[PDB]
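[1] all I have is the shape, not the residue letters:
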């Protein structure tokens with residue numbers, strides 16, 4: 001199949017995958033972009049999901065985008081493998 005969903009970290013807990021699209025939409029052909037945060041109070045901790053559905057050009061953007069700049073911090077980008085790859 002195809003699709004290597006990634007995870008963007010270093011989020012302000014208020015940013016939006018839209019502004020993120022202004023970056024990724026130019027780096028890789030993302031197929032979907034969501035943000036992870038408490039679904040009850042909305043308490044975000046910095047971390048979302050951005051898939052490139054490229055599994056190739058995306059990986060390159062993963063070594064680069066990893067630690068970019070959000071006008072104040074530096075986003076993060078991994079191949080969706082937080083906490084020891086889905087725990088491990």
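    Cool, got the structure. Numbers count the residues shown, from 1 in each chain.
[2] excluding chain neighbours, what is closest to residue 38?
    The shortest distance from residue 38 to any non-neighbouring residue, by C-beta to C-beta, 6 or more residues apart in numbering, is to residue 44 (7.0 Å). Every C-beta, even on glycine, is put in place using the N, C-alpha and C of the backbone.
[3] now do the buried residues in stretch 11-24.
    11, 15, 17, 20, 23, 24 (16 or more other C-beta atoms under 10 Å).
[4] which ones are touching the second one?
    This means residue 15. For residue 15, the contact set (C-beta atoms under 8 Å, 6 or more residues apart in numbering) comprises 35, 70.
[5] wait, a strand at it?
    No. The secondary structure assignment for residue 15 gives coil rather than a strand, going by DSSP: H, G, I helix; E, B strand; the rest coil.
[6] all helices for the chain, in order.
    Using DSSP state H, the helices of the chain run over 17-27, 57-65, 82-86.
[7] got a list of what residue 13 touches?
    Applying C-beta under 8 Å, 6+ apart, the residues near residue 13 are 37, 43, 44, 45, 46.
[8] now residue 20
    8, 33, 48, 50, 75.
[9] let's go with 10 Å and repeat that
    Neighbour list for residue 20: 8, 11, 30, 33, 35, 48, 50, 65, 70, 75 [criterion: C-beta atoms under 10 Å, 6 or more residues apart in numbering].
[10] and the nearest residue to residue 11 once chain neighbours are set aside, how many neighbours does it have?
    Leaving aside its sequence neighbours, residue 11 sits nearest to residue 46 (C-beta to C-beta, 6+ apart; 4.4 Å). By other C-beta atoms under 10 Å, 17 other residues sit near residue 46.
[11] equivalent analysis for residue 52, please.
    25.
[12] does it touch residue 64 like I think?
    No. In this structure residue 52 lies outside contact range of residue 64 using C-beta atoms under 10 Å: 11.9 Å.
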